[PDB]
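Working notes, beginning with the structure itself.
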Amino acid sequence: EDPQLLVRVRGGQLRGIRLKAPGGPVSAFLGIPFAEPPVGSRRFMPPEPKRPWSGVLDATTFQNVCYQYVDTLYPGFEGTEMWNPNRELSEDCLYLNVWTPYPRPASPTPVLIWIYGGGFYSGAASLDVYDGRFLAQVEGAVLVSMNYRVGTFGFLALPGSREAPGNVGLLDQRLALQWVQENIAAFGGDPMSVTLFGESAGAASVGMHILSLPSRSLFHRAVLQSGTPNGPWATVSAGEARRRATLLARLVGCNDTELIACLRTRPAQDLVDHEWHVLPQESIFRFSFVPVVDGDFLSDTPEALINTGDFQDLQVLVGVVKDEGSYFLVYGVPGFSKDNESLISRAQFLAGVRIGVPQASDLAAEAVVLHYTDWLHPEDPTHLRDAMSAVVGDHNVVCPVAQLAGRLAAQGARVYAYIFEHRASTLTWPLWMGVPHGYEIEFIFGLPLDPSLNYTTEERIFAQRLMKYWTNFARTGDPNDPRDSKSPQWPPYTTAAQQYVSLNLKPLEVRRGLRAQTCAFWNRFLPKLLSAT
Amino acid sequence: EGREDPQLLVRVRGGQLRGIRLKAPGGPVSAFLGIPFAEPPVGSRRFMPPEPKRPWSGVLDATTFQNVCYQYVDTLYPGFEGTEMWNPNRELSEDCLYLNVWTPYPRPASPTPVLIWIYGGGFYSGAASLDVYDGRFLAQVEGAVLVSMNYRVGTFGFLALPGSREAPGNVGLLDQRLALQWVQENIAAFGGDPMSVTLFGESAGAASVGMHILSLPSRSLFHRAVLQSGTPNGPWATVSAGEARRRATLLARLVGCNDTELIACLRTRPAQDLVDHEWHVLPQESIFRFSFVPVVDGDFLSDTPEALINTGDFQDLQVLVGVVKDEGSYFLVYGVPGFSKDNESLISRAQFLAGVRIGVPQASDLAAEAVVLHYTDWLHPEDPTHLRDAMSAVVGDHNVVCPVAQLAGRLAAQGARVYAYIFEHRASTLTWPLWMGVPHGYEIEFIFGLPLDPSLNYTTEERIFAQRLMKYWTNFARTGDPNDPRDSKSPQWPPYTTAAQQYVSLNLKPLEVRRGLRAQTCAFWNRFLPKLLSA
Ligand SMILES: O=C(COc1ccc(Cl)cc1Cl)Nc1ccc(CN2CCCCC2)cc1
Ligand SMILES: O=C(COc1ccc(Cl)cc1Cl)Nc1ccc(CN2CCCCC2)cc1
Ligand SMILES: *[C@@H]1O[C@H](CO)[C@@H](O)[C@H](O)[C@H]1NC(C)=O
Ligand SMILES: *[C@@H]1O[C@H](CO)[C@@H](O)[C@H](O)[C@H]1NC(C)=O
Ligand SMILES: *[C@@H]1O[C@H](CO)[C@@H](O)[C@H](O)[C@H]1NC(C)=O
């Protein structure tokens, strides 16, 4: 029996499986329990450490996916399906996955920990795009990913109550990080060099761990892909979370203790049935149960915390894809569809703005329309369509990212920023969506290295470059190859020069200012506007 | 009579005139200067509408410029040419309603298209007798009949106690209208065609031309109009009835004064006493603000210019409108701390923020914030060169470029034929510093063709350029189209339309067609800012 597949952690023995990567084998250990199944009276409660087990626990397969809403917009279309659960749903879902080189690392290896996105309402560490074997095989990394509770199960909160304190889904992530500290050395991983990375809601989780003191002793560097703790969707106020929780309890037929108790008796799918019914306005890029400003996990709003934090010893890599907003238009904005070029009228554009910026007053919405209209072609359908995408991307991702990068840089952090501009040759969404939210992931994880995936040879070469930036950053806090000259170099993002790089098929190009003019509108003017109005 | 030049004697409705034979570079022209067109608006007539001049006897000598209307004289840079060239070059007087005529020599034997010039100077200053308004070159080279008139400015022209008989306001505009009527009646005696009259003017002169378009009684006195760097809409060209009354009673109080009693007391004040308090009645510390300007009286102006342009019918109107490259730079040295003609005026962020409040004096804190956010360069938010230029652009865009863009857009959409330009050439002889670029008012010397005078020290290219511009203006006056029908080879000047927003660059190089009159920024000024103000 393969001793490379046998490992002992604090809770007992594990049997892993030998997997094939194109360049060689890797050792994978999938479905490792890191917490007691958060079921029955455990629902909505913070996780508890997993009890020791007897014998050898079989970690050769992905465990269940946390209970969550499942997308049905385009039934059986690869573009949407690729994000849907690829295992059985269950509230018993608190398991993590570890990939390492085979044989396992001779000396302690830097650890990358992935945190998936999915708007805090969905996602799983088992998706094909999160496959860790490429990074493990090629860069000899130790890769870890966890499941964390999403939707009402992970983030339903009655702020101040003992039984539904909020943010338990982020506590799930934190326990997994504690697990890595306690156990990763047994896999050949270095607990003294841990890099968090995640995309969308995953990036925002990474950011919340930056901003939450108890998480800080569990990682050394961070990567935020297309997401931030700050911004309009990633957090809610205690007042608003309380509101949403008691509205959901009203819809399902339900003193905080009494209320939470009746919710605990509800079958999972009954809660999920009403997930989308509690949002205050018709919107897109807005999610019902997300992290809450509790005054505990988050001592203040992420805006306040990034504005005042001390980020001296801290390295961060942050970025965005070319078209953050395009994907979301087809999920609520009339006139948009994956099946046509979605050329919209001016009317549709104004209507669209109230949906993409749901919190906006008439006057603020007016300001947005007037800023994004191309007044040389105010009525041009192509311009109006692309502008609609840009409003959503900018408001939700690009400008929150520019704001974080800027505050981090000014307050002592080492920051590297990018924009990702390559569109996959295999993409099944329309051309008008360009490079949509989430389609850089498969390249960072190295999927193009698999011949059967039908990526182009240039895309393979490109994925390898990306894997190097990311693992080199994990190793050192600097994505630049250490013994390679001529590139040119990826420079740190600073407040003075605001340098970032474009990631694409051509060599790194250095640009200055991350939508500087347009993000000043979003981050400097709009707040002053709604502040009074 | 008897031994006079028979080509310099002419009769008009009021009597006989003797003009003078003037030398221009390419030959002689006839000038008739200092023709009275109204009764001297003096004494009991101060503040009153002008009365047509009563016939005189004998031959009136029309060989020299008459008095300049009483006005505030600029003392910012004593003895500096850049400021002096705009100051009164004849004695100041309330007896000042005279006009000038230039024609070819001998006078045209067939009826010639007429150009009428209205000077600017913020409605507080100006004179038709300044060097840069010399009609001799357009007369000689293009064969134009050129008229320019003096009109009352400042308090004498524009002090209004709206609703009163004795000071109804806008009398300076009524002066201009009277001259226009004079041209309709008398210009044929000079060989001018009264059925082809084109108005043109710059800054407040342009705003004036715009008021005549918007005021029905003037409409039958002209056929085409040119507005150079000014418009009747916008933030400086008019004041409400309420604001005019407020400024008038403050000034009265400042000199020690029922509207009849008040106006009567003002009529007893020395002209200079009124002028001395001109700038003391503006509501905020400002630049590109003038104390006494046309008022929305519900008479001359039946409503605000904004409402009138937005909703009027201009089907059979032909207009040429444009701006210079740096409308705002000139004004900064008259009020924005940190700006001088003697240094590079590299300012700090703080000076920019203070400057914006002065250059956009009617803006709330939030509106000001909006302005500062829009014009700030966020890659170089503290860079002094950028901030200097942005300050200039704030003032220029707010006061001229966007009101012009707004005017052109409404006129085009409402059936007018519109031609738009940006004038980008800086005179080789300009005495203002380089940082000011092509400042407000410095296209005028080219339109009038001063560079044709060798003694002025312009370049050969400037001479050729000036000739081109004279051709455009006179071609437009003649046909309502600045293009030469006998010259297809040269690039064409297309009309400005809402759909294509075309205009041309005027500089040393051939005509270049461009799209969008500062479209993105002007949307801010023209569409957003008003909506903000309604909140
Ligand atoms: O945002 C939405 C909208 O969700 C819904 C709202 C209401 C209803 Cl009834 C129904 C629905 Cl579905 N869907 C969405 C957005 C992005 C992705 C892709 N993204 C997933 C995680 C990794 C990064 C890429 C998938 C679904
Ligand atoms: O705007 C001003 C301000 O004037 C003043 C304000 C206050 C005081 Cl105390 C004192 C003063 Cl002076 N002056 C100004 C602007 C432009 C020109 C040039 N312009 C004149 C008309 C034709 C086109 C060019 C001359 C003076
Ligand atoms: C595109 O298709 C969708 C769904 O079929 C439709 O609702 C929309 O109106 C279409 N858009 C255009 C511009 O035809
Ligand atoms: C330019 O000079 C004037 C007076 O000489 C001064 O008041 C002003 O502050 C100077 N500006 C700068 C930017 O140095
Ligand atoms: C033109 O140039 C000559 C030659 O230097 C000079 O003497 C004359 O004064 C100049 N005239 C003007 C108006 O600058």
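Numbering of ligands and ligand atoms starts at 1, following listing order. In what follows, chains are A, B, ... by sequence order, proteins preceding strands, each numbered from 1.
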Measure from the side-chain N and O atoms of B:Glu382 to the backbone N and O of B:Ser348, and report whether any donor-acceptor pair falls under 3.5 Å.
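Answer holds: no.
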
Closer than 3.5 angstrom, by distance alone: can the side chain of A:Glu81 be matched with the main-chain N or O of A:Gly76 as a donor-acceptor pair?
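Yes; judged by distance alone, with no hydrogens or angles, the pair exists.
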
Check the pair A:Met146, A:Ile115 against side-chain contact (heavy atoms from CB on, under 4.5 Å), reporting the backbone distance first and the verdict last.
CA-CA 7 Å; A:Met146 86 294 279; A:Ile115 309 182; 4.1 Å; yes

Show me, by chain and number, every protein residue that has a heavy-atom distance under 4.0 Å to ligand 1.
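Residue list for ligand 1: A:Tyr69, A:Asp71, A:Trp83, A:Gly117, A:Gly118, A:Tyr121, A:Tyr130, A:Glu199, A:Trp276, A:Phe287, A:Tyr327, A:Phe328, A:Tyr331, A:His437.
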
Ligand-residue contact atoms, ligand 5 with B:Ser455, heavy atoms, under 4.0 Å
11 (N), 13 (C)

Please tell me whether [X] and [Y] have a donor and an acceptor in their side chains that are separated by less than 3.5 angstrom.
X	Y	answer
A:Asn97	A:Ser145	yes
A:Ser283	A:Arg354	no
A:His437	A:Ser200	yes
B:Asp74	B:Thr83	no
A:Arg87	A:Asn147	no

Taking non-hydrogen atoms within less than 4.0 Å of ligand 4, which protein residues qualify?
B:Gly338, B:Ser340, B:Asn343, B:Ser345, B:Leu346

Would A:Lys322 pass as a cation-pi partner of A:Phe420, given that its NZ or CZ must be under 6.0 Å from the six-membered ring centre and within 45 degrees of the axis?
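That pair does not qualify as a cation-pi contact.
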
Could you check, using the six-membered ring where one of them is a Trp, whether B:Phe446 and B:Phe465 have ring centers closer than 6.0 angstrom?
yes

